[PDB]
Every structure is written in C-alpha cells, then in structure tokens.
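Working notes, beginning with the structure itself.
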Amino acid sequence: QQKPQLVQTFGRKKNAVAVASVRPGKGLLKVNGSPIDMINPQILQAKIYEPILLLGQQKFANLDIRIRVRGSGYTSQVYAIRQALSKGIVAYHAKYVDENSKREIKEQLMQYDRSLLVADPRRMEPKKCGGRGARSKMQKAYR
Amino acid sequence: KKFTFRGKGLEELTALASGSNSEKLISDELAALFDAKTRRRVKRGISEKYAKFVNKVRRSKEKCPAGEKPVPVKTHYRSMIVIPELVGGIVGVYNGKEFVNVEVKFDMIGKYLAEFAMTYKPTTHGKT
Amino acid sequence: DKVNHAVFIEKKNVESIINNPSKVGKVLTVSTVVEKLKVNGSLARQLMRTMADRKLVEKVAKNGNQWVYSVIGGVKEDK
Amino acid sequence: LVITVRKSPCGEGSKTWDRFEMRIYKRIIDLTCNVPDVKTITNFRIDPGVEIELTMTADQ
Amino acid sequence: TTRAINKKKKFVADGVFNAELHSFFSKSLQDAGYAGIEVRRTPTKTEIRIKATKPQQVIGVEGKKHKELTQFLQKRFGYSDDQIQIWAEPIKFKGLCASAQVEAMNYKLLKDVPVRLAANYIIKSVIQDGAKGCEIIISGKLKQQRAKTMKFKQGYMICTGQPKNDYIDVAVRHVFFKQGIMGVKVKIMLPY
Amino acid sequence: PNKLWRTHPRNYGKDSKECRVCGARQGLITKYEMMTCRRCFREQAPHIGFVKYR
Amino acid sequence: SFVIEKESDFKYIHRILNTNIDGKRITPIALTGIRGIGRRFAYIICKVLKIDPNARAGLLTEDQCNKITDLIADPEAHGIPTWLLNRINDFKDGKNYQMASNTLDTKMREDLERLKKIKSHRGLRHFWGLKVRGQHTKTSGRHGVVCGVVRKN
Amino acid sequence: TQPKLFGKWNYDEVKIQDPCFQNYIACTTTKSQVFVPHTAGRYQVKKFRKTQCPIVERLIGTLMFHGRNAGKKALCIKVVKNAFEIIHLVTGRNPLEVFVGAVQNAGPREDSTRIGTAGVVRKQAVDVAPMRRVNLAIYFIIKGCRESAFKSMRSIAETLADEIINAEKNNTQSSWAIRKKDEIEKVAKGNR
Amino acid sequence: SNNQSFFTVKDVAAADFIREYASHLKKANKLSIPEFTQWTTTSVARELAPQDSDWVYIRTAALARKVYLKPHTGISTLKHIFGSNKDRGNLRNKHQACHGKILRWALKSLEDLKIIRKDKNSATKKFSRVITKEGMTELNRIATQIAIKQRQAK
RNA sequence: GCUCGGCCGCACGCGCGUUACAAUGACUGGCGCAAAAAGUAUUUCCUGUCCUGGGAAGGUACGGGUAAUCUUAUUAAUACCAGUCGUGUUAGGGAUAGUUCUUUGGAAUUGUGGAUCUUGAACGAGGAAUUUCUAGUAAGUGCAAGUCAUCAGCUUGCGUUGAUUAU
Ligand SMILES: [Mg+2]
Ligand SMILES: [Mg+2]
Ligand SMILES: [Mg+2]
Ligand SMILES: [Mg+2]
Ligand SMILES: [Mg+2]
Ligand SMILES: [Mg+2]
Ligand SMILES: [Mg+2]
Ligand SMILES: [Mg+2]
Ligand SMILES: [Zn+2]
C-alpha cells in the first residue's frame with residue numbers, strides 16, 4: 001500500500017470543519033481546490049495568512065497543503081481553515097521533523113493566538129419555549 | 001345606449017351559446033371569454049343540476065310576454081355563474097335566512113350569482 | 001429646504017473642474033465632491049472616474065457606498 | 001422522533017411544552033456463511049422491542 | 001415481506017398497538033390484579049405475556065376469559081389462530097405492584113370500609129412485602145359535597161429526580177360512588 | 001330513504017380523521033401516522049414508548 | 001454623459017400625456033410621473049423607442065415625447081406583449097389598451113359605476129367606502145384611511 | 001515581521017502615556033497586533049476580559065448597532081478601515097495614534113450619582129474608573145457618528161473620521177464625544 | 001521558467017472569468033439572444049428588469065462556469081442557485097427561485113457551441129449537462145489568459 | 001344528517017405581532033457558506049433529471065427513495081464583490097385598488113394561495129406609560145416541523161452573522 005508521507009489535521013469553529021492534508025514539496029495552499037485568494041469574504045483572508053506570516057514563509061515553501069472545508073457559514077469556515085492549517089504544520093513537524101521544532105512552533109503560534117491549536121467550545125443554544133430565542137421571552141403585561 | 005361584453009352583444013352571445021350541437025350549458029366559445037376562475041369552474045366539470053335550473057328560467061322567461069315581469073325561480077345555487085341565457089329573469093338566491101329576488105342585467109353575466117344576494121346586513125352604529 | 005445638485009455641467013466648465021481636483025480637498029469622496037461642487041452624487045462619481053483615468057487622482061479604497069481618492073502631486077493651492 | 005406537546009388540556013394561561021422523544025437505534029452486521037451457520041447464530045433469546053431483518057446475497 | 005413500512009412510522013405504530021392492548025386489558029381484565037403486558041413479535045406469531053396478580057381469573061373457568069380474550073384480539077386485528085398466543089405470568093410479589101394495590105383499595109372502598117383503616121391495611125401490606133415506603137392519595141368528595149384530598153404516607157419516599165422514574169411505581173384508579181367519581185393514587189417506592 | 005345520510009365528502013381536512021382513542025378531531029397528532037389527540041397522546045405516551053428526557 | 005453644451009437647452013419641466021415630467025431625474029423613473037406608468041413600463045418604453053435609460057429627462061427630444069404618447073396610444077401595435085398591460089381585455093371591448101393619465105381615472109370610474117348599477121357585493125362595498133378584498137374591518141382602517149382607488153396628490 | 005493594522009498601519013508607533021490606560025487599552029501586546037480587527041474572541045466570559053480585546057475590534061463592536069445593523073460585522077470592519085484611511089488623508093499620521101489619542105482624550109472622569117446615606121438624597125461627586133472611561137469614550141464617539149450620519153450624505157466612515165479627529169483635538173464644538181464629556185464633567189463639578 | 005503556462009478555472013477569481021467569457025461571446029457574436037429576453041425580468045422575485053443589456057451573455061457565461069464545476073446540475077437546482085429573497089411586503093422575506101426558460105435556452109445554445117453535452121449515460125439524471133473536452137479547453141484558456149494578466153500586475 | 005349562511009360582519013376601546021420610516025440603505029448583476037427536521041397501505045409521500053411556458057405553473061419523457069443508500073450530504077438568508085440610484089414622500093415604504101393568468105378544492109364570489117402590468121396611502125424614529133434580556137446571549141437573518149387539499153404575519157424548533165453593558 002506504500003504508506004504516504006501524509007499528515008492530516010482537522011479544525012473547527014461552530015458547525016464548520018476543515019480537513020487539512022500536509023505533504024512535502026513546493027508550497028501550495030488550496031482550500032476546497034482553489035487558492036486562498038478566492039475565499040469568499042475578502043477581509044478575513046488575512047486571518048488565514050496569519051499563521052503563515054507568523055511562522056514565516058520558510059516553513060511553508062517546503063510543503064504542499066490542501067484544505068477541504070465544509071461547514072456552517074463564511075466566518076466560522078475561515079476559522080476552521082485557520083485551525084486545521086496551524087495544527088497541521090505542528091503534526092508534520094511531529095512525525096517527520098524533531099519534536100523540538102513541534103514544540104517551538106506550538107509556543108510560537110499560541111503566544112500569538114490560541115484559537116489556532118485549540119477549538120472554540122461555543123456552539124448554538126437551543127430555544128426555550130415562550131420566546132423568539134434561547135433566552136428572551138414573550139412580552140409580559142403586569143399592571 | 002348599447003350593451004357590450006368583450007366586444008359582443010346579447011344577440012351575439014346568445015348566438016354562441018345557442019350555437020348548434022353544443023350540449024354543455026356553457027359552451028367553450030363563451031368560456032374562452034370568461035375570467036380565469038369561471039373558465040376554471042367550467043373546464044373542471046359542472047353539475048347536471050344547473051341544467052334544470054336554467055330550464056326553469058327558460059319557462060319563467062317566456063311565460064310572461066305581456067311584461068308583468070317573470071315568475072321568480074327559487075334556488076340555492078349561489079356558486080352558479082350567470083349564463084347570458086338568464087339575462088332578464090328574476091331568481092331567488094338564498095342568503096341563508098331568505099330568498100333574495102334578483103333581476104339580471106347584461107353587465108352581470110361573468111360573475112357568480114352569490115355576488116348579489118347579500119349574505120349579511122351592513123353595520124349601522126350607536127353607543128356614543 | 002432642498003439642495004439642488006446640478007444634473008449636468010456646462011461644456012464651458014468641464015475640464016476646468018476636472019483638471020483641478022484640489023478644489024475638493026485632501027480627500028475626495030462622493031460626499032466631499034457633492035459638497036464642494038454642488039453636483040449630484042452620480043455625476044460626482046463620474047467625475048471621480050474621469051479624473052482618475054486621467055492620472056490626476058488615485059484610489060485608496062472602494063467599499064460599495066464609499067469612494068476614497070487622493071490627489072497625486074498632493075493638495076495644490078488654489079488660484 | 002420528537003413530539004412537542006402543550007401540557008394543559010386547556011388554554012390555561014401559561015404555555016408549557018413536553019418534549020417527547022423516541023429513539024430508534026439501527027445496527028448492521030455482515031456475515032460470510034452458509035444457511036445452517038446463520039440459523040446457528042440466530043438461536044438465542046432476544047428482548048421484545050427488537051426487529052431483526054435478514055438478507056442473503058449469493059457470492060461466488 | 002408484507003409492506004415496506006417507515007421504521008419511524010412502523011415503530012410508532014408498534015407503540016400504539018402496545019398502548020391499545022394495555023387499555024384493552026386494564027379495561028376488560030379489571031377484577032384480577034392486572035399489572036403489565038409484554039409483547040414479543042415473531043414473523044410467525046405474536047406473543048403476549050399478561051403480568052398479573054391473580055392469573056387464575058385471567059384464565060377463568062377452563063379458559064372462559066382466556067378464550068374470550070384470545071378471540072377478541074382475533075376479531076379485532078384479524079389474526080390466524082397460530083398467529084396469536086396469550087400467556088399469563090404471575091407477579092411473585094403483590095406488595096410491590098401498584099396497580100394491584102390500588103385495585104385492592106378500589107375493592108375495599110366499594111364495600112364501604114372506612115378510609116384510614118383501608119389505607120393502613122394496604123400500606124402495612126406493601127411494607128410487609130419489603131417495599132421501602134409507600135403513599136396513597138385519595139381525592140374527591142369524602143366527607144361532604146365539598147372536595148377533599150387526603151394523603152397517607154409511611155416509610156421512605158422520593159418524588160423528584162431520575163430516581164423517581166426508577167424506584168417509584170404509581171397507579172391511579174377512578175372509583176365510582178352514588179355521589180360521583182372519587183379517585184385514588186398509589187405510589188410504592190420499590191426497594192433496591 | 002336515509003340515502004342522504006353522511007353524504008357530504010369527508011375526504012380531507014378536519015373530518016377525514018380522528019383520535020383512535022378518544023375520537024376527537026381537534027389538535028390531532030398525525031405526525032408519525034399515530035392519529036392521537038394531544039391529550040390522549042400525553043396519556044398514552046409512556047405506553048407508546050415516548051420518553052421525556054428533555 | 002453629464003456635460004450638456006448649451007444650458008439653454010435642457011427642459012426642467014417636460015409635459016407628456018396631460019402630466020408634468022421632472023427633468024432633473026433619470027428618464028424612465030421620471031416617466032413614472034404619469035398615472036398608468038410604473039418603473040418597469042418606463043424602462044420598456046425606453047427599450048422600444050431606443051431612448052437612453054441612463055440619461056436625464058431634460059435631454060428629451062420632442063420627437064421622442066410624441067413617440068411615447070404614441071406608445072401609450074397603441075402599445076400592442078408597437079410590439080410589446082399583451083401580458084404587460086394595465087387593461088388586458090376590457091369588459092366592454094376585447095381590446096388591449098394600457099391606461100393613460102386621464103383614460104385610467106375614466107375607465108376605473110366607469111367600472112365602479114357599472115358595479116353600482118349591477119348591485120354586486122364589491123361595487124356596493126366601494127360605494128359604502130369599505131374594503132373590497134374581504135379583509136377584517138373589526139380592527140384596522142380606523143379613524144378613516146384610504147379605501148380603494150388611491151389618488152396621489 | 002511586525003504586523004501592521006490593515007497592513008498599512010504600524011502599532012510600534014503607538015505609545016500610551018497616562019498610567020491609567022496602559023493596562024486598559026489593548027494595542028501594546030503581541031496578542032493585540034492584528035492585521036484584521038476580527039478576533040471572534042471570548043472577551044465577555046469574565047469581568048475584565050474585555051480589556052484584552054483589541055481596541056479597534058471594540059470600536060467595531062460599538063458600531064454594529066441598531067436593530068437593522070445588529071450582527072453585521074463585515075460592514076463595520078469596512079467602515080472602520082475606510083474612516084482610518086480618511087484619517088491618514090487628513091492628519092497624515094497613524095490613524096491608530098489618532099484613535100487611541102481620541103479614546104484617551106475624550107471620556108468622563110468626574111460623574112455624578114445618587115448615594116443614599118440615611119436621609120441624604122441628592123447628587124454626589126464621583127470619579128470614573130479607567131475601564132468605564134474607555135467604554136464611555138467609544139460609546140459617545142460612535143453615538144455622535146450615528147446622530148450626524150443619519151439622514152445626511154456623509155457616510156459613517158466620514159462621520160466617524162470627523163469625530164475621531166475632533167475627539168483627539170479636544171474640539172468642544174466639532175466633537176460630540178467632547179460635548180458630552182464636558183457637559184458631564186460640569187454637571188459633576190456643580191454637584192460637589 | 002516554471003510560471004505555469006496553464007491555469008484551471010479553479011485558479012481564477014470567478015467575477016473576472018464571467019465578464020471575460022461574456023466579452024468573448026459578444027465578440028464572437030455566437031449567441032442568439034431570444035425575443036422574450038427584451039420584456040422579461042430575471043426572477044419572479046424582482047421588481048426591476050436588469051440594468052445591464054448584456055445580462056444574457058453574463059448569465060450564460062456564469063452558467064457555463066457552474067456546469068464546468070458542478071457537472072450534472074439540472075435546471076431546477078440552477079433556478080435555486082440563481083434565485084434570491086423576495087419582499088412579499090409586510091410578510092417576511094422568503095426564498096424564491098429563478099425563471100426556467102432563460103437557463104434552459106442558455107444550455108441548449110451551449111450544447112450548440114459544443115461546450116456542453118447532454119449525458120445519455122448517467123442513469124440517474126439523464127441528459128444532465130456536462131462540459132466537453134472542447135468546452136473545457138476553451139474555458140481553461142480564458143482562465144489562463146486572465147490569470148497571466150493577473151500575475152503580470154506587480 | 002343534508003342545503004345555504006355565521007363565526008372574517010364595523011364609529012370605536014384594549015393585547016400579542018409582521019413591515020417600515022432608508023446611505024450601516026434600496027435596486028441590478030456576480031459569488032460552488034448551513035443546521036435541523038420530514039417523506040409513498042405503490043402513480044397518492046418527499047421529489048431528482050428532462051421538456052413546454054415570458055411567468056406562477058404545466059407535461060409526462062427517464063428515474064431514485066419507507067431511506068446514512070433517493071430528494072441531499074445539496075438550494076437558505078444576512079454577509080462579500082461590482083454597478084445603478086443621490087438625501088426629496090426619492091426606486092425609502094409599500095397599505096389600498098383594477099384588468100388579466102395559474103394552482104388546491106364538487107364548491108373559492110364575502111378577493112384560499114401564487115403570477116403580470118398598473119395603483120401607490122400612513123409612516124420623517126414615535127406622549128404618559130411600559131416589556132424582555134448577561135454570551136454564540138441580545139439583535140438581525142433565513143430554514144424546517146406542527147397545523148395542512150389549499151391557507152403562516154402564529155407556534156415549536158434549526159442553524160448563519162454576531163454585539164453594547166453589567167457581573
Ligand atoms: Mg424570525
Ligand atoms: Mg442581491
Ligand atoms: Mg412537476
Ligand atoms: Mg426538502
Ligand atoms: Mg375577484
Ligand atoms: Mg392578498
Ligand atoms: Mg406541506
Ligand atoms: Mg395557533
Ligand atoms: Zn384523544
């Protein structure tokens with residue numbers, strides 16, 4: 001079967017899931033089969049470029065990384081991509097490099113943001129009856 | 001003064017509706033000129049009963065040539081659409097308490113018979 | 001009140017307004033231009049574009065309602 | 001299966017609701033065998049609420 | 001196969017079958033203490049175990065009530081004679097069954113035996129059979145034309161929590177009098 | 001000559017159905033094809049196998 | 001365009017079909033100023049008569065204006081689909097006309113009159129100053145509010 | 001490489017002086033230097049967490065208001081960046097230095113409150129905390145923005161820029177934030 | 001030089017692709033542009049007929065792109081992809097689907113240009129449209145032209 | 001039981017609420033972002049292709065699914081990108097009306113819903129009063145389920161975008 005040089009990490013925010021696959025070579029980032037350039041709301045593309053700029057391109061020119069994302073809505077999706085990418089490099093440096101590098105990129109990243117290696121525990125709140133929402137309730141008449 | 005429906009006269013309409021070999025009460029030529037809800041009621045079916053009804057009008061319409069007005073025909077069919085062959089007759093339409101006598105005019109063919117007998121009384125107020 | 005904002009500019013004034021964008025200010029938007037030249041916003045935009053094609057003016061940002069442009073040599077003092 | 005039902009048989013003013021659940025668990029098991037072995041493996045007591053469905057695809 | 005049915009729609013239908021049975025048996029079996037019903041379903045058969053205090057009255061005089069029942073289910077659903085099977089199973093401890101005990105006080109109250117005495121008799125029985133605790137509620141006109149509600153507790157009792165659904169056994173009955181319907185609940189907390 | 005009895009179409013709408021138990025037409029629960037009014041359902045619910053976890 | 005060479009030729013007030021037309025404005029939505037013309041029809045009128053829809057109303061040619069009055073006169077003769085008209089096939093005549101400034105108020109007045117005369121429910125209802133479509137008079141419409149046949153002023 | 005805000009604005013050029021604010025305004029930290037103002041942070045789970053939130057994100061938060069605009073963040077990120085551009089076009093220095101400058105420079109210090117002591121009820125002269133000082137600063141600035149931009153042609157980016165500049169300049173005419181600040185501080189001085 | 005001679009549609013911002021391929025369809029004058037085009041708005045959900053006279057081109061261009069990407073995407077699904085919200089007035093905004101005839105015209109006419117085929121071999125969705133070798137080549141060369149014009153900008 | 005009305009009748013008083021008063025906007029394009037629910041006693045239930053119609057909708061041409069297999073792992077809408085419109089009862093806002101067309105139903109008139117042209121009111125942010133609410137929370141935003149032949153401005157749920165301020 002010839003076990004590949006693959007690493008596979010996942011990342012999560014709300015209902016969104018990102019699976020990033022990392023293999024060695026000339027660095028690509030393709031999300032859902034397309035460059036980061038084309039990710040829908042333009043503003044938060046910089047969110048995905050963040051861990052890249054934080055680690056420096058030097059780590060990323062050595063690796064082709066392809067991230068498929070399926071999930072909730074635009075923003076959470078962006079955050080999932082972020083996550084998967086980040087802990088993806090970490091997992092690579094775990095299997096194929098020394099542990100030391102894994103450690104120092106871990107610290108490197110988390111000093112900037114912890115949302116990269118750790119997932120946002122928040123999810124939606126179910127709705128309580130007698131309201132238009134998960135707390136707020138039908139208006140009341142006292143007098 | 002004239003009386004016109006979709007560019008046709010009572011003579012003309014009676015010429016389409018009494019048109020030879022059309023055994024439906026309301027023939028297709030006429031039904032093409034109807035508003036959508038009527039065309040719908042016709043093409044979808046109809047009941048045999050209405051035939052008898054129209055017949056009564058036929059009998060009441062020719063039975064008062066001298067001009068004393070027709071002998072009124074009582075019926076419960078509100079959902080009935082007016083055929084030109086009923087124009088000039090007087091028909092009792094049940095409003096649920098009562099039989100409202102309605103005299104037919106050329107302008108009223110397209111509409112349902114119910115559209116005339118008042119189902120209710122209007123509102124005339126007082127408290128203060 | 002109402003603000004009558006001109007819906008046409010005379011062929012007498014046109015490139016006289018165009019060639020000298022600094023009458024509007026250090027910052028050109030729809031609003032600025034509307035204020036300074038009493039031109040209705042759509043034509044204000046059209047002016048922006050014309051004098052942008054003309055190398056006189058540059059885009060800083062575009063967000064659906066917001067035009068932000070600056071003058072090339074800098075603000076050049078009037079008359 | 002959820003059925004959300006209003007408690008009071010009447011309109012009695014506060015609205016209260018009942019979240020009524022029925023869970024259905026569905027399992028699949030696949031075997032490579034002959035008929036008698038099947039009838040051997042099905043030979044044991046099962047609790048009442050269980051539905052057991054058997055299908056046989058021949059294989060060469 | 002018969003018909004392909006929605007696993008959801010089938011299962012709900014099975015539950016509704018079960019409930020119809022329970023209503024049928026609690027209603028037509030009312031003299032012998034009737035507790036429960038357990039239904040196994042075979043492509044061949046439908047097996048019903050009637051769990052009861054007095055199996056002897058489920059059977060009757062050489063299957064008078066048994067044959068009656070079996071045939072009732074037969075005409076009702078339609079069934080082959082090999083397709084229906086009814087067993088009666090004894091409940092070894094009558095003191096741990098509520099529906100039974102509420103049937104007991106139904107009985108005792110019909111014979112005009114006074115409230116407190118009857119309540120005590122059953123409660124003492126229930127605890128005699130090893131139940132940790134029991135309670136009885138009788139509601140409705142007792143004294144007079146104005147409704148009363150009387151509770152009788154002895155032993156250990158839980159109300160609230162998931163343990164409620166586990167340890168506590170409850171049954172109600174409507175009891176009929178010339179004056180109207182009075183009604184009776186029995187809560188037996190079971191032992192561990 | 002009862003011929004006219006019940007001869008209005010009950011084909012659909014409110015009169016096509018009823019609670020199997022109590023024969024109510026009102027607030028009938030049709031959702032799993034269980035044909036039980038809200039009250040009757042609320043009663044049978046544990047016998048039908050409907051738990052309240054929630 | 002913005003630039004017009006002679007300020008002398010621009011018509012602020014234009015007049016088409018017994019109605020004023022606002023000049024400083026975009027031509028079709030300026031044409032909305034007529035009873036019987038809403039935005040989509042005006043955009044159509046611009047597409048048939050090849051008039052610039054991005055242009056102003058002051059830039060209007062009199063030729064064009066007469067052509068528009070003509071469009072309104074015999075719209076179906078100018079092309080355009082029948083299904084696009086305010087009046088599909090009139091009760092009196094089977095013809096398809098589209099409703100002008102005056103002609104509209106006329107035909108509506110006529111219709112309602114024959115509805116009084118007919119003594120139909122809804123015609124009576126109109127006469128009475130009530131709601132025609134059969135909605136609820138218990139709650140809304142209070143202290144008087146516009147009933148059918150709305151007139152802008 | 002040190003990230004610049006929006007890529008064009010260097011955080012290293014912002015230095016806070018007044019010792020109250022240095023712990024209360026985000027931008028000093030590695031964690032607060034962000035290309036994008038959008039964290040999706042948890043800033044509200046504990047009492048002072050709000051402090052660790054980037055100031056521009058805070059401002060963006062305040063912007064998102066009124067029923068129609070609720071929960072549209074992208075809009076406000078746009079508005080803010082644009083306003084910042086107009087700011088650098090007017091002043092020519094880091095739109096951050098202007099912002100931070102104008103959060104510091106406009107917000108109340110003294111404020112008056114009812115303190116019941118036995119019989120005494122009347123306004124009393126009270127001093128404002130750093131956190132509230134900041135919060136209020138932003139609240140005010142943006143409220144002025146809305147009131148002005150409402151039916152005008154001036155956009156929010158514009159109104160907001162105007163306000164930020166006037167707010168740092170201390171202008172009591174042109175800055176709503178300072179109008180209220182001075183009004184409040186005067187009410188307060190009068191209530192001692 | 002390893003700067004790629006070749007670029008997929010997936011490497012290109014979709015807006016650009018659409019305006020470009022529409023341009024190509026005009027220059028080619030390769031489209032029919034039916035008569036109902038003049039008097040009809042996009043969807044039932046819209047108050048105003050489209051502001052661009054070229055919409056038929058643009059819409060067709062984009063359509064091809066969709067078919068390039070999502071193969072076997074039938075008309076209804078496209079009516080939904082190409083639909084929107086519609087104000088019903090004082091009733092809450094609700095989802096609404098596009099017109100059919102325009103989309104099916106665009107697919108008929110794209111078969112005509114050999115850029116899509118009706119698959120007779122899919123036994124689920126039969127006669128669903130899938131791009132051809134030819135159409136693929138064409139779109140990928142537009143895409144490439146675009147992407148190179150982009151990396152030419154420093 | 002059957003037929004026709006009635007509960008929807010309007011000078012008004014009082015409650016829940018939907019929609020707005022617009023530029024943080026409306027409109028015209030472009031854009032491979034959800035979750036959770038349902039579903040055929042065989043043509044009847046979800047419905048995918050396909051074809052016709054300008055449209056709502058119709059064919060019946062080829063088909064799947066009693067469903068983790070099929071509708072679908074999609075088809076949502078805020079959001080984003082272009083472009084129009086330019087602070088005025090303006091395209092904001094659409095009540096109310098008149099023709100036409102369609103669909104559910106023996107039956108639609110006292111408009112069941114939906115479509116096309118028209119028609120365009122009040123409303124320029126709301127007196128005394130007063131409701132609910134502390135984090136994926138409020139608010140906006142759509143989606144399902146119940147009802148149900150047809151009829152959501154309701155209810156019960158589902159996610160998306162995401163706060164100000166307390167503690
Ligand atoms: Mg809502
Ligand atoms: Mg849109
Ligand atoms: Mg169909
Ligand atoms: Mg569905
Ligand atoms: Mg009507
Ligand atoms: Mg309506
Ligand atoms: Mg339905
Ligand atoms: Mg209700
Ligand atoms: Zn019932």
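By order of appearance in the structure tokens: chains A, B, ..., then residues from 1 within every chain, and ligands from 1 in the order shown.
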Using only C-alpha atoms (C1' of nucleotides) and all ligand atoms, which residues have at least one atom no more than 9 Å from ligand 5? Output them as a PyMOL selection string.
(chain B and resi 37+111) or (chain G and resi 122+133) or (chain J and resi 109+111)
Name the residues of stretch 90-178 of chain E that fall into helix (DSSP H, G or I) according to DSSP on the backbone, using the chain letters and numbers of this document, as number ranges by chain.
E: 94-96, 98-110, 115-128, 162-167
At a cut-off of 10 Å and counting only C-alpha atoms (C1' of nucleotides) and all ligand atoms, what residues surround ligand 8? Please answer as a ChimeraX atom specification.
/J:146-147,152,154-155
As a list in words, please: the residues near residue I:3 (cut-off 10 Å, only C-alpha atoms (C1' of nucleotides), same-chain neighbours under 2 positions excluded).
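Neighbouring residues, sequence-local ones excluded: residues 1, 5, 6, 148 and 151 of chain I.
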Using only C-alpha atoms (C1' of nucleotides) and all ligand atoms, the best pick from J:110, J:96, J:150, J:119 as closest to ligand 6 would be J:96
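Across the model, the gap from atom CA of residue A:21 to atom CA of residue A:65 is 5.6 Å.
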If we count only C-alpha atoms (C1' of nucleotides), what is near stretch 61-73 of chain J at a cut-off of 7 Å, once residues fewer than 2 positions away on the same chain are taken out, given as a list in words?
residues 4, 5 and 6 of chain E; 124 and 126 of chain I; 46, 47, 48 and 50 of chain J
